[PDB]
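Participant: First the structure, which I've put down as C-alpha cells, then a few questions once you've had a look.
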Amino acid sequence: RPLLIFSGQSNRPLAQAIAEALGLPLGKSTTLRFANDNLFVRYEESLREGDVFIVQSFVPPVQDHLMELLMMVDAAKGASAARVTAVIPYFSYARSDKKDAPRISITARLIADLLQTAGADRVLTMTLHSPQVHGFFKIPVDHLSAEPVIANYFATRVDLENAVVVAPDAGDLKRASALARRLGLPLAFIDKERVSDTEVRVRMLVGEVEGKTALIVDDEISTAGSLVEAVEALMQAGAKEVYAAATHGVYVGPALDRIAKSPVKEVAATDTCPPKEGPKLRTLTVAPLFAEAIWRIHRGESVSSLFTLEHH
Amino acid sequence: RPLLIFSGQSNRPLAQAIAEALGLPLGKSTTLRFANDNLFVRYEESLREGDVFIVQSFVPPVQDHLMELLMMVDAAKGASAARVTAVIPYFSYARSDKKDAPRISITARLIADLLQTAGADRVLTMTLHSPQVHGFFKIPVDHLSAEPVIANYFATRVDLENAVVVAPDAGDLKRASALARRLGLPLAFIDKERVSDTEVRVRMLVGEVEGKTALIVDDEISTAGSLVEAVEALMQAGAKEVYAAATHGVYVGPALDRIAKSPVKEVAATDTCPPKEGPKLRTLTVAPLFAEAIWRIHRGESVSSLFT
Amino acid sequence: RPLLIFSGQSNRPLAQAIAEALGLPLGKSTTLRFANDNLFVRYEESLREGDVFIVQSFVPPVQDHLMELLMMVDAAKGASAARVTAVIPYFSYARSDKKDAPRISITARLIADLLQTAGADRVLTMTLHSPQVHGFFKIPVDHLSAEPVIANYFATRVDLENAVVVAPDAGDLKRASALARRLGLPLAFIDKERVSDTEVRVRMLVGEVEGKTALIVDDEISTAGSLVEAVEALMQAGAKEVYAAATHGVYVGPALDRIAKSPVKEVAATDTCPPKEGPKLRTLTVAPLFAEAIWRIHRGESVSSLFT
Amino acid sequence: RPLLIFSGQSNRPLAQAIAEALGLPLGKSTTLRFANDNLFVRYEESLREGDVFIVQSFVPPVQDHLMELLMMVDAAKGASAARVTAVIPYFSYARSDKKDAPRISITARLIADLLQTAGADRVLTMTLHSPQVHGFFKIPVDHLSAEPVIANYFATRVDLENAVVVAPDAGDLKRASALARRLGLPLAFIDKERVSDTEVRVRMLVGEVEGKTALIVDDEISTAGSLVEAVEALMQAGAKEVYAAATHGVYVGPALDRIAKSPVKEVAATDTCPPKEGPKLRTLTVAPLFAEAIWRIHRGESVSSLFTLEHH
Amino acid sequence: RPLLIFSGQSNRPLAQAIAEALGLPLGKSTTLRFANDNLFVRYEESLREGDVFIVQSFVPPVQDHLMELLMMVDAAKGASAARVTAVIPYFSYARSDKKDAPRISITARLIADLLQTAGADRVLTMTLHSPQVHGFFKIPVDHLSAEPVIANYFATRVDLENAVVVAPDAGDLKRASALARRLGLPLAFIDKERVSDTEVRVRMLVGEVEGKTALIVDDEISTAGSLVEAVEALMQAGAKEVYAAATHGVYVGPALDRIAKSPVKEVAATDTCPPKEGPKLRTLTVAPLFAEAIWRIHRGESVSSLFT
Amino acid sequence: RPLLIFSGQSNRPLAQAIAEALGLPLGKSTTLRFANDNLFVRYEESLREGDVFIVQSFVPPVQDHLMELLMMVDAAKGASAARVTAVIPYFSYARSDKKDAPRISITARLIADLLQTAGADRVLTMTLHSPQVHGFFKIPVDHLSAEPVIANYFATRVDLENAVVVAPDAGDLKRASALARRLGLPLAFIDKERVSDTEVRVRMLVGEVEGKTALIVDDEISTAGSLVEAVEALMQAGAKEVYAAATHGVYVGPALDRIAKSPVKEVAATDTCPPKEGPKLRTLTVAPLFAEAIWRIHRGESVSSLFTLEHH
Ligand SMILES: Nc1ncnc2c1ncn2[C@@H]1O[C@H](COP(=O)(O)OP(=O)(O)O)[C@@H](O)[C@H]1O
Ligand SMILES: Nc1ncnc2c1ncn2[C@@H]1O[C@H](COP(=O)(O)OP(=O)(O)O)[C@@H](O)[C@H]1O
Ligand SMILES: Nc1ncnc2c1ncn2[C@@H]1O[C@H](COP(=O)(O)OP(=O)(O)O)[C@@H](O)[C@H]1O
Ligand SMILES: Nc1ncnc2c1ncn2[C@@H]1O[C@H](COP(=O)(O)OP(=O)(O)O)[C@H](O)[C@H]1O
Ligand SMILES: Nc1ncnc2c1ncn2[C@@H]1O[C@H](COP(=O)(O)OP(=O)(O)O)[C@H](O)[C@H]1O
Ligand SMILES: Nc1ncnc2c1ncn2[C@@H]1O[C@H](COP(=O)(O)OP(=O)(O)O)[C@H](O)[C@H]1O
C-alpha cells in the first residue's frame, strides 16, 4: 500500500511541505470550476490500493473547500484507494458544536456524517475548537496538539524570567494552564467587559501582570476581537507588553487592521491556514508534525507519542 | 401534519410564488455567514410534526447553496419535522452522471447520498440532465416534466406550419421526440461532442431543416455554447430561423451576450433558476406546477397525472 | 397513535408521577433476571401503533438499567410501536464526552449509537453534562433545562441581597451566568481540575465571594467531592454561607456523609434520580416538566417554549 | 491474500478461461437446486483471507443466476474472505436504468443495493448498457471496454479500403463514432422506420454506404430486432454487405433464425454470455482481458491502462 | 393511509381470497418477463401514502418469485407508499437457518437483509421452519400460527379416542406438544436425520403408538420423504393408521405419488402454497386469518390475540 | 498487523491461558468502575493496525461484562486497530433466540447488532445454545465445537465397555448422538416428568441403561435443574452410575448444592466460564483450542479443520 498525499485548493503550500517532509511528491490532482460554479476533481494517476491522505483546511471559500474535500474523498474511494484519510488541519465548523439556539444545525456533526458518507476512513486534525467534536466522528480521529510548538515559540521569543500566562475568559483557563506549566510560569486571569466598543473595563485580576510580559494563547484568531480586548485590558492593568499565539491564524475581516492598531508585540499562529502578511505576524509551521503523524498512521506507529511533556 | 414551505437563498422568488399558489406563507428561516465564511441556518418558528418542503436550486454560489440546503434539511429533522422534502427545481450536478474519465466523482450520486445523510426523506425536482440520475437516489424522487409549459410556449409563439424540433444532442432524444409528437412536427437532431465548458463541435446534423423554423429544446442553457453552435449549424444548413427553449435558464459567463448576438429569435426557460432580463429571453413560470406537485405529495394524491 | 408511557426499574416513582400528570396509567411491563443474571423484558399489553415513551435514568445498577432500556426500546419496535422515545432523565455517561486520554471509549457517543441500533426514534433528557453531547445523537433530542425549577428554589429559599452564583467549573459557565442573569446576581467561578473520582483541587477562584451567600449550581452531584471542595474553597475565601443546587442528585459513595458534614446550608436537586432522604437535601420535582414535554412531543407542539 | 476465482452456473467456460489465463485453478464450489427449487451454495475449500472473484453473467435462467451470485458473495464473506468482487461480464439489468413509466423498479439500482447487502466489495463488468449505471453502485466498479477487441475483429475481417461505420439509431452514434475513429473509417447514419413489420423504410441517409462494406456495432444483441432492421435498411440503401458486432451476444427468442434469414455476412460478439452455435456467428473472447483486469485489481496496478488508444 | 393489497404471480388465488375477506379489490399490478428473462413490475394505479401489502409465497419458480417480491417492494417505496408489508405466507428459505456445513449461506438471513434493502417495513408470515428465523429480521415480523386450523381439522376429521400426535422431528417439539395439549392427546416423536433432499432415516421412535391412530403435524411437506418414512416407521411400530397435517403443502417432485402410495389416510395443508388436487389431500384455507391479521396491522389492533 | 489479545473482567484466567498458548503476553488494559457505577476502559499501549482479540464471557455480573466488551471493542476501533474480534467463549444470551412470548426482545439478535455497532469485525465463540444464533450476526462468526474435548474426557474417565449415552429431553438427542458416535456407544432416551418437585417419574425408556455407566451431555449447566432430573430418572431406571458433561459450566444459584446432593459421579465442563470449586466438578480447558482458532483467524488458516472426526 503506497503512501500517497494530495491537496485541495485551501492550503497547497502546507500539503506540499508535508509531502516534502515525508520525502514524497505531492500527488497530482486537478480541481476545475465550470462556468456554472460546479466543481470537478480528477486524480491524474492511479492511487489504486493506496494509503491516501487528502489535505484541506476550512478557509474561505469554505463551502467550495468542503465540497472539494468530499468530492476528492469520494473520487479516491471510486478509484479504488485502500484507505482514505481526511487531513483537515483547521476544522472551522468545530465551533458549531452545540444546539445553543432552537432549530439550528450542529454543523460539526453534520460535516462528520458527510465526510463518512463521502467515504473517509479516518481524520487527522489539530486543535479542535472543543474536544467533544472528536465524538461527532464514528471513524477514527487523530487529534494533534499545538501545545509543544506554541510553548517552543514563546520559550524562544520572550523573557521567561518576567513572564505570566493570562486567560482573558473562563473557557481559556485550561489551554492557558497547559502553556503555563510547560514554560514554568505563573497563571493569571483578567475579567474584563467591552462597555462602549472602544473602551474595555478591567473588573477583576487574579495573579500579577504589572510590569510583566503577558502571554495569551487561543485555539484560533478569526477577527482578533478577543485578542484585542485581552491586550487592551492587560495594558490597562499595567502589563509591560503582550505576546499572543493561537493554533489557527484564520485572520478574517478586521483582524490584520486590529492587530496593527493593538499594542500587542507579536501574534504567532501555525500554518494550518495559509498565513497572511503582517508586520507583527509570525508563522509556526506544523508541516513537520503532520508529516510525522501521517508517517505513523501509515506504518501503525504511535501518534499519541508525538504529544511531548517537555518543560522549559 | 401541517404543510410548511421554506426557502434557501438560491430562488426565494420561486419559493414565494409556490407558497402563494398553495395559499400559505413562506416559512421564516435565517441563513447567515460568519466572518470566517462558515454558514448558519435557523428556523424562527416550530416545524415540529411538519410536512416540510425546502426550496433550493443549484445556482451560483452553488456550494454555499448546497451546504445551506444540507444544513436546512439537517436542522429540520433536528427540530422534529415529520417529513422533509428537498425541493430542488434545478439540480446542476445531474450533469456529473457518469465516469467519463478515470478517478473522478460521479457527483450527482455523491450529492444524493449527502442529501440522504443530511436527512432528506424525498426529493421534488424538474428536468434532470439524464433520467438515470433518478436511480442515484434511494429516497423517492418526484421528477416533474417541463414539456407542458414548453409545448404551450412554441404552440402560441411561433409559426408551426414549416417547423421542426431539433434535439441539440443525439444521446438525449426522448424529450425532443415527445415534444415533436405533441406539436405534430418532424424531428432533427445534432450529434455534437463537447470540446470545453464553453465550446461544442457539431459532428453531424440528421433530419430536414432547410428553410424551416427550427425549435431547439434542451434540458438547460449554461454558457449557451451548445445553443449558439446548434443555431450556427442550423442556419449554415439552411434553416429559415431558430427559436429555443430549455427548462433551466442558468445563463452563466458569456450566455446572455452569446444569445443576444446569435440569430436565435427567442429563448424561453422556466424560473427553476432566477431569470436574468434580456430582450430575447422569456420566462415560463413553473411555480404553479411545483405548488400543485407539493399539494399532491402532501395529500397523497397522484403526481404522475401531471409529471414526466 | 395512542400516548403510552412505560418505566424501567431505575425511577418508577418519576415515571408514575409523569403518567399521573398526563392523566394516563403507567403501562405494564415485566423485567426479570434469570438465575444466570440475564435480563428479560415483556410488555403485558399491545403497544401496536403506539407513541411509546420509556423512562430510564442511568443510576446504579447502571449497566442493568442501560440494558433494560435497550431491551425495552428493541421489544417496543418488535411489538410494532409507531414511535419510540427513550426518556432518559439522567444520562450519566454524558460525562464520557471527550478523549482526554488515548485509547478510551467516548462512551456517551457509543451509547447514542447503541440506543439508535436498539430502535430509539428520539430522546428526551434534562441537563446533559455538556451541551455537545446533543451532537452525539443522529436521532432528535429534546434537551430540557432545570433552570426554571433551580431559579425558583434559590429565589424563595435564600436571602438574595448579598448573594453570588458560583460555577464550580470554568469550562461550564453558560448555566451559572444564565442563573446569575435570571436572579439579578453577580457571578464567581472555580477553576478546578479533577485529581480522582472522589477528589478535586481548586486551582483558582474568580469573582467576589467575601462575606457573601454563595449559590453553587452544577449539572450533577455524584460523590459530592467537587461540591464540598468548592464549599471549603468559598468559606476559606471568606463566604458567609453556601447553598447548592444541581439537576442530578446522584449521591453515591461518600456523598450524603460529605454533604451532612460540609457547612453547606442546603442542597437541592431534581428527581431525575430517585431522591435519597437527608436533613439538608431538598427535592425539586421535574415530573410535571417531563409530562408537559411528552404531551408536546406527542401532539407536535413547541417544546422550546419550555426547554433549554 | 491469495487470489481465488469461482464461477456460478451462468458462464463456467468463461470463468475457467479467466482462471487458466491467470495460471490458477477454478476454485471448487457447488450449487444445488433442492426439489422445492431453492438454491444452495458451498465452497469446498477454505477461501479465508482470500481476494475472491466470483464470475456470473445475467443470462437465462436470470433470477437463479442473480440469487446464486448473491448467495456466493454472502457465503464468501461468511467464510471470512478478505475481499469479494462480483465479476459480472454481462449485467442485463443495466437496461432497467430509468423510471420511463410510473411505479416501476429502477432494477439496475435495486440489484446494485442487493449486491452490496450480500457483501460485494467491488464489481468488475464490461459494456454497461448505459454509463450512468456506474453511479448506481456505492462500491468501486471497474468498467471494461470492448472497443479494442471489436475494432481488432473488424480490422482482421473486412476490407477497410471500402468500409463505413453506420449508426442506425441516435443512441448508437457515440459507440459507432469510437469504432470509426479506431478503424480510420467514415461514419454514416441511417434513419429508418419499421412500417409494416416485414418492410422497413429508409427515411434519411447521411454519409455514403452505396457499394460499401457497412459495419454496425451495438452494446448487445438480444432478439436481433435492431440488427435485422439496420441490415435491411442498409441493403435497401445499396450497401455491398453488412458486418455486425456487439459486446453481449445474448441471442434470445428469434435472434438465431433472424440472423440466418438476414443478408448480414457475420455477427461477432464476446463470450460475456456463453456463445450459441450458428453459421454466421463469431466469438471474440474477453477471458484474457478479464484475467488481466483481475490480476491488476489483485496487485493494485492500473486497470484504466487496459483501455488502449490504437488506430488501424 | 388507505389499505392496499397486491399479489405476485406465486399465489394470486390466496391474495384474491384475502382481498375479498377485507371487502377490498386486489390492486392491479403487471409482472412480465422480457425476451432476455429479465423481470419488469408496474403498479397500474397510485399507491401514494398507501398502507401496501404484497402477497408472495416462495413456490416454484422460487427465484423469479423472490425477485418479483423484491421488485414490487422497491417499486412500492419508489411510488411513495406510506408503509410496505411483505406478506410471505410460505418462506421456503426458513429451512436455510443454520451453518450446518462450512462456507454456506444462511440464506434465510440473507433474504431478510435483501427484503430490508428492497424497502420492506414489515413482514407477515405463517409457520416459519424454525422460530429463530424471526431473529433474522430487524423489521417487525407478525408470525401467524396454523395451530387453530390444524387443531380444528383433526378434532372433526379423525377418531380421537385412541390417538397420539407425532412430531416427525425431535428438535421441533413445541408445535406437536401444543397441538397434543390442545386435543387432550399424548405425544410421540421421531428422531430422524436427513440423508438427502428426498430421503430421511428414522434413528429412534419415542412414545406409545402401538395400535393408535397417529396424527403427524409438521411445518411443511416438500418431497414428502419425511412424511412417508414417518408413516412407514409408525406402521412398522404397530400404529393402527396415520393421518398428517402441515402448514405448507409444497408438494414437489415425488410428493403426490408418495402420499397417494403411502398408507396415510389423509393429508391436510393450508393454502399458503397453491393446493394441488389429490384424492387424500385436503385444503385448510388461511385466507380469513391472513385478512384478519392485515386488518389488525392496518388499524393497529392486537394480532397476538390470534397468532403464534 | 501484530496479533494482540486483551481480556475483560469476566475470564482473565482463560484470556491469560489463550495468550500464553500463543506465546504472547496478555495485552494491558484497565477497566474502572466510578462511584456512580459507570464503566471506563483504557488500553495502556498502542494497538494501532493490530489484529485485536478481546476475550469476554457472559457470566455474572453479565450486563457489566456486556458493556465492558462493547466499550473495549469501541475503544479498540477508536485507537485504530486494523481488525477487532469479539472472543465470547460463553454467549449466555444465545438462549434468548426466539419470540416465544409476545412483545419480548430476541436479545441474542439485539446483542449481535450492538456488537456490530460498537465496531466488532468478527466473533469467535463456542457451543451456541442454538445454531440459528449464527444467523443473528452479519459479521463473520467462527463457532467452535466442544465435541472432541467432551468425548476425550469421557474416553479417559469411564468404562466404555459398559457405557451408554442418554438424552433426557428431545432437544438433547442431536448433541448426545454425536457423543455416542464418537465413543462407539449405544444411544438411549429417558422420557421423565417432574411430578412433585422432589420426585421425578420415568414415563418411557428406549435403549438399555440397567447396570450401565450412563453418560449425559448438555450445552450448559446453569442451575443443574435438568442434570439432577436426568440423573434421578436414570438411577430410578437402574443405571449403575451417571457422568455428566457440558461446554458451559455456568453453575449459578443451587447448582453446586444440587450436584453435591445428586448421586452423579462427576460433572465436567470447559473453562469458557471461570470454574467453581466442588468435589465432583472437573475442568476441561479450551484455552488451547481458542488459541489455535485465534492463530488460524490471524494467519488465514482453516478454523473448520479444528473440528476433528476421531472415534474412540
Ligand atoms: N456539474 C457539471 N457542470 C458542468 N459541466 C459538467 C458537470 N459535470 C460534468 N461536466 C462536464 O460536462 C461533460 C459532459 O458533457 P456531455 O458530453 O453533455 O455529457 P452529459 O450527457 O453528462 O452532459 C463532462 O465530461 C465534464 O467535462
Ligand atoms: N461516566 C463517567 N462517570 C464518572 N466519571 C467519569 C465518567 N466519564 C469520565 N469520567 C471521569 O471524569 C473525568 C472528567 O472530569 P471533568 O474534568 O469534570 O471533565 P468533564 O467536563 O467531562 O466532567 C474523566 O477524565 C474521567 O476520569
Ligand atoms: N431452503 C431449503 N430448501 C430445502 N432444503 C434445504 C434448504 N436449506 C437447507 N436445506 C437442506 O436441508 C438440510 C436441513 O434439514 P434438517 O435436518 O431438517 O434441518 P432443518 O431444521 O433446517 O430442517 C440442510 O442441511 C440442507 O441439506
Ligand atoms: N462555525 C462557526 N464559525 C463562526 N462562528 C460560529 C460558528 N458556529 C457558531 N458560531 C458562533 O460563535 C459563537 C459560539 O460561542 P459559544 O458556543 O457561546 O462559546 P465558544 O466561543 O467557546 O464556541 C456563537 O454562539 C455562534 O453563533
Ligand atoms: N432489463 C431489461 N431487459 C430487457 N428489456 C428491458 C429491460 N429493462 C427495460 N427494458 C425495456 O427495454 C426498453 C428500453 O429502451 P429505452 O430505455 O427507451 O432506450 P434503450 O433501448 O437505450 O434502453 C423499454 O423501455 C423497456 O421496457
Ligand atoms: N438468556 C437467557 N438466560 C436464561 N434463561 C433464558 C434466557 N432467554 C430465555 N430464557 C428462558 O429459558 C427458557 C427457554 O427454553 P425454550 O426456548 O423453550 O427451550 P430451550 O431451553 O431449548 O431454550 C424460557 O422460555 C425462557 O424464558
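Ordered as shown in the C-alpha cells, chains take letters A, B, and onward, while each chain numbers its residues from 1 and ligands are numbered from 1 in the order shown.
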At a cut-off of 9 Å and counting only C-alpha atoms and all ligand atoms, what residues surround ligand 6? Please answer as a PDB file with N, CA, C and O atoms, in the first residue's frame.
Facilitator:
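Ended up saving to part17.pdb:
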```pdb
ATOM      1  N   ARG C  33     -34.705 -10.967  36.066  1.00  0.00           N
ATOM      2  CA  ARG C  33     -33.365 -11.544  35.907  1.00  0.00           C
ATOM      3  C   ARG C  33     -33.493 -13.044  35.976  1.00  0.00           C
ATOM      4  O   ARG C  33     -33.959 -13.546  37.043  1.00  0.00           O
ATOM      5  N   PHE C  34     -33.005 -13.745  34.985  1.00  0.00           N
ATOM      6  CA  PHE C  34     -32.849 -15.209  35.081  1.00  0.00           C
ATOM      7  C   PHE C  34     -31.761 -15.546  36.118  1.00  0.00           C
ATOM      8  O   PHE C  34     -30.996 -14.667  36.579  1.00  0.00           O
ATOM      9  N   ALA C  35     -31.722 -16.805  36.557  1.00  0.00           N
ATOM     10  CA  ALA C  35     -30.711 -17.313  37.531  1.00  0.00           C
ATOM     11  C   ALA C  35     -29.294 -16.929  37.094  1.00  0.00           C
ATOM     12  O   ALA C  35     -28.430 -16.692  37.954  1.00  0.00           O
ATOM     13  N   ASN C  36     -29.043 -16.873  35.786  1.00  0.00           N
ATOM     14  CA  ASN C  36     -27.700 -16.615  35.194  1.00  0.00           C
ATOM     15  C   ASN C  36     -27.468 -15.121  34.979  1.00  0.00           C
ATOM     16  O   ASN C  36     -26.472 -14.784  34.370  1.00  0.00           O
ATOM     17  N   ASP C  37     -28.293 -14.271  35.623  1.00  0.00           N
ATOM     18  CA  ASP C  37     -28.169 -12.782  35.630  1.00  0.00           C
ATOM     19  C   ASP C  37     -28.462 -12.208  34.242  1.00  0.00           C
ATOM     20  O   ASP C  37     -28.176 -11.029  34.048  1.00  0.00           O
ATOM     21  N   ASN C  38     -29.033 -12.989  33.324  1.00  0.00           N
ATOM     22  CA  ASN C  38     -29.524 -12.467  32.026  1.00  0.00           C
ATOM     23  C   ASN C  38     -30.883 -11.785  32.249  1.00  0.00           C
ATOM     24  O   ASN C  38     -31.697 -12.266  33.078  1.00  0.00           O
ATOM     25  N   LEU C  39     -31.104 -10.661  31.589  1.00  0.00           N
ATOM     26  CA  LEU C  39     -32.342  -9.863  31.699  1.00  0.00           C
ATOM     27  C   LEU C  39     -33.383 -10.398  30.714  1.00  0.00           C
ATOM     28  O   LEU C  39     -33.033 -11.037  29.706  1.00  0.00           O
ATOM     29  N   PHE C  40     -34.626 -10.086  31.029  1.00  0.00           N
ATOM     30  CA  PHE C  40     -35.812 -10.418  30.219  1.00  0.00           C
ATOM     31  C   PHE C  40     -36.813  -9.284  30.382  1.00  0.00           C
ATOM     32  O   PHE C  40     -37.086  -8.903  31.535  1.00  0.00           O
TER      33      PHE C  40
ATOM     34  N   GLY E 171     -36.029 -32.100  17.325  1.00  0.00           N
ATOM     35  CA  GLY E 171     -35.613 -30.704  17.586  1.00  0.00           C
ATOM     36  C   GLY E 171     -36.792 -29.740  17.607  1.00  0.00           C
ATOM     37  O   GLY E 171     -36.687 -28.712  18.285  1.00  0.00           O
ATOM     38  N   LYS E 174     -42.287 -28.049  20.057  1.00  0.00           N
ATOM     39  CA  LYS E 174     -43.256 -27.094  20.661  1.00  0.00           C
ATOM     40  C   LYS E 174     -44.596 -27.184  19.927  1.00  0.00           C
ATOM     41  O   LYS E 174     -45.615 -27.090  20.615  1.00  0.00           O
TER      42      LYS E 174
ATOM     43  N   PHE F  91     -21.680 -17.305  25.312  1.00  0.00           N
ATOM     44  CA  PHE F  91     -22.662 -16.290  24.882  1.00  0.00           C
ATOM     45  C   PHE F  91     -24.003 -16.698  25.494  1.00  0.00           C
ATOM     46  O   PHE F  91     -24.770 -17.409  24.840  1.00  0.00           O
ATOM     47  N   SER F  92     -24.210 -16.292  26.747  1.00  0.00           N
ATOM     48  CA  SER F  92     -25.396 -16.716  27.552  1.00  0.00           C
ATOM     49  C   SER F  92     -26.676 -16.348  26.804  1.00  0.00           C
ATOM     50  O   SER F  92     -27.662 -17.132  26.845  1.00  0.00           O
ATOM     51  N   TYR F  93     -26.695 -15.164  26.188  1.00  0.00           N
ATOM     52  CA  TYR F  93     -27.942 -14.661  25.569  1.00  0.00           C
ATOM     53  C   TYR F  93     -28.289 -15.437  24.301  1.00  0.00           C
ATOM     54  O   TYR F  93     -29.398 -15.160  23.738  1.00  0.00           O
ATOM     55  N   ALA F  94     -27.493 -16.428  23.891  1.00  0.00           N
ATOM     56  CA  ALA F  94     -27.906 -17.330  22.791  1.00  0.00           C
ATOM     57  C   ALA F  94     -29.211 -18.033  23.212  1.00  0.00           C
ATOM     58  O   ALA F  94     -29.923 -18.508  22.348  1.00  0.00           O
ATOM     59  N   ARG F  95     -29.530 -18.119  24.493  1.00  0.00           N
ATOM     60  CA  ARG F  95     -30.789 -18.779  24.925  1.00  0.00           C
ATOM     61  C   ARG F  95     -31.991 -17.911  24.548  1.00  0.00           C
ATOM     62  O   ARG F  95     -33.087 -18.411  24.516  1.00  0.00           O
ATOM     63  N   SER F  96     -31.776 -16.619  24.362  1.00  0.00           N
ATOM     64  CA  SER F  96     -32.842 -15.640  24.039  1.00  0.00           C
ATOM     65  C   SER F  96     -32.914 -15.528  22.524  1.00  0.00           C
ATOM     66  O   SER F  96     -32.559 -14.451  21.964  1.00  0.00           O
ATOM     67  N   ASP F  97     -33.347 -16.615  21.885  1.00  0.00           N
ATOM     68  CA  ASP F  97     -33.121 -16.822  20.434  1.00  0.00           C
ATOM     69  C   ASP F  97     -34.455 -16.882  19.679  1.00  0.00           C
ATOM     70  O   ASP F  97     -34.425 -17.112  18.490  1.00  0.00           O
ATOM     71  N   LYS F  98     -35.588 -16.704  20.353  1.00  0.00           N
ATOM     72  CA  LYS F  98     -36.896 -16.801  19.674  1.00  0.00           C
ATOM     73  C   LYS F  98     -37.894 -15.871  20.359  1.00  0.00           C
ATOM     74  O   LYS F  98     -37.722 -15.496  21.552  1.00  0.00           O
ATOM     75  N   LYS F  99     -38.975 -15.582  19.654  1.00  0.00           N
ATOM     76  CA  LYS F  99     -40.063 -14.796  20.262  1.00  0.00           C
ATOM     77  C   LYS F  99     -41.096 -15.790  20.815  1.00  0.00           C
ATOM     78  O   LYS F  99     -42.115 -16.012  20.164  1.00  0.00           O
ATOM     79  N   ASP F 100     -40.833 -16.413  21.953  1.00  0.00           N
ATOM     80  CA  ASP F 100     -41.748 -17.456  22.487  1.00  0.00           C
ATOM     81  C   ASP F 100     -42.830 -16.805  23.359  1.00  0.00           C
ATOM     82  O   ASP F 100     -43.625 -17.541  23.915  1.00  0.00           O
ATOM     83  N   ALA F 101     -42.856 -15.481  23.496  1.00  0.00           N
ATOM     84  CA  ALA F 101     -43.977 -14.730  24.104  1.00  0.00           C
ATOM     85  C   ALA F 101     -44.139 -13.441  23.326  1.00  0.00           C
ATOM     86  O   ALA F 101     -43.173 -12.939  22.761  1.00  0.00           O
ATOM     87  N   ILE F 106     -35.711 -10.375  21.262  1.00  0.00           N
ATOM     88  CA  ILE F 106     -34.878 -11.534  20.835  1.00  0.00           C
ATOM     89  C   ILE F 106     -33.441 -11.115  21.129  1.00  0.00           C
ATOM     90  O   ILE F 106     -32.772 -10.519  20.238  1.00  0.00           O
ATOM     91  N   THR F 107     -33.103 -11.157  22.407  1.00  0.00           N
ATOM     92  CA  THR F 107     -31.903 -10.475  22.940  1.00  0.00           C
ATOM     93  C   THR F 107     -30.601 -10.954  22.277  1.00  0.00           C
ATOM     94  O   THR F 107     -29.705 -10.117  22.171  1.00  0.00           O
ATOM     95  N   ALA F 108     -30.504 -12.193  21.789  1.00  0.00           N
ATOM     96  CA  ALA F 108     -29.293 -12.672  21.079  1.00  0.00           C
ATOM     97  C   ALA F 108     -29.082 -11.832  19.815  1.00  0.00           C
ATOM     98  O   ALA F 108     -27.956 -11.429  19.546  1.00  0.00           O
ATOM     99  N   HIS F 129     -26.057 -21.872  22.167  1.00  0.00           N
ATOM    100  CA  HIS F 129     -27.256 -22.568  22.692  1.00  0.00           C
ATOM    101  C   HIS F 129     -28.081 -23.137  21.537  1.00  0.00           C
ATOM    102  O   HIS F 129     -28.552 -24.279  21.634  1.00  0.00           O
ATOM    103  N   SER F 130     -28.240 -22.370  20.461  1.00  0.00           N
ATOM    104  CA  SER F 130     -28.883 -22.869  19.228  1.00  0.00           C
ATOM    105  C   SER F 130     -28.024 -22.467  18.043  1.00  0.00           C
ATOM    106  O   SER F 130     -27.472 -21.373  18.024  1.00  0.00           O
ATOM    107  N   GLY F 171     -34.662 -32.298  22.714  1.00  0.00           N
ATOM    108  CA  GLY F 171     -33.693 -31.293  22.235  1.00  0.00           C
ATOM    109  C   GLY F 171     -32.238 -31.728  22.405  1.00  0.00           C
ATOM    110  O   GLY F 171     -31.378 -31.121  21.745  1.00  0.00           O
ATOM    111  N   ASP F 172     -31.974 -32.764  23.221  1.00  0.00           N
ATOM    112  CA  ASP F 172     -30.610 -33.201  23.636  1.00  0.00           C
ATOM    113  C   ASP F 172     -30.126 -34.354  22.748  1.00  0.00           C
ATOM    114  O   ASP F 172     -28.925 -34.669  22.806  1.00  0.00           O
ATOM    115  N   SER F 222     -26.493 -24.492  34.113  1.00  0.00           N
ATOM    116  CA  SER F 222     -26.779 -23.250  34.856  1.00  0.00           C
ATOM    117  C   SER F 222     -27.109 -23.592  36.308  1.00  0.00           C
ATOM    118  O   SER F 222     -26.184 -23.541  37.152  1.00  0.00           O
TER     119      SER F 222
END
```
Participant: Residues at most 10 Å from ligand 3, using only C-alpha atoms and all ligand atoms? Could they come as a ChimeraX atom specification?
Facilitator: /D:32-41 /E:58,91-101,104-108,129-130,168-172,192-198,200,219-220,222-223,226 /F:131-132
Participant: Do you have, as CSV, the list of residues of chain F lying at most 8 Å from chain A, each with its nearest atom pair and that distance in Å to one decimal, counting only C-alpha atoms and ordered by chain then number?
Facilitator:
```
residue,atom,partner,partner_atom,distance
F:46,CA,A:302,CA,6.3
F:48,CA,A:300,CA,5.2
F:49,CA,A:300,CA,5.3
F:77,CA,A:140,CA,7.0
F:78,CA,A:140,CA,5.1
F:79,CA,A:140,CA,7.1
F:80,CA,A:140,CA,6.3
```
Participant: Give me, as a ChimeraX atom specification, all polymer residues having an atom no more than 9 Å from stretch 21-32 of chain B, counting only C-alpha atoms and skipping those fewer than 3 positions away in the same chain.
Facilitator: /B:3-9,15-18,38-45,68,72,287-288,291-292,294-295
Participant: Write out as a ChimeraX atom specification which residues come within 9 Å of stretch 233-237 of chain C when counting only C-alpha atoms, dropping same-chain ones fewer than 6 positions away.
Facilitator: /C:190,202,205,209-211,214,263
Participant: Report as a list in words the set of chain E residues whose atoms approach chain C to within 7 Å, with distances computed over only C-alpha atoms.
Facilitator: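 Residues passing the distance filter: residues 140, 300, 301 and 302 of chain E.
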Participant: Name the residues in contact with residue E:303 at a cut-off of 8 Å, using only C-alpha atoms, excluding same-chain residues fewer than 6 positions from it; report them as number ranges by chain.
Facilitator: E: 142, 293, 296-297
Participant: Write down as a ChimeraX atom specification the residues of stretch 50-154 of chain B whose backbone DSSP state falls under helix (DSSP H, G or I).
Facilitator: /B:62-78,92-95,107-118,131-136,147-154
Participant: Enumerate as a ChimeraX atom specification all residues of stretch 7-222 of chain D assigned to strand (DSSP E or B) by DSSP on the backbone, naming them with the chain letters and numbers the document uses.
Facilitator: /D:7,29-33,39-43,51-55,83-88,104,122-126,141-144,163-167,187-194,200-206,210,213-221
Participant: Using only C-alpha atoms, which protein or nucleic acid residues come within 12 Å of residue B:144? Drop anything in the same chain fewer than 6 positions from it, and give the result as an MDAnalysis selection string.
Facilitator: (chainID B and resid 87:90 123:128 131 134 247 272 286:287 289:294 303:308) or (chainID D and resid 102)
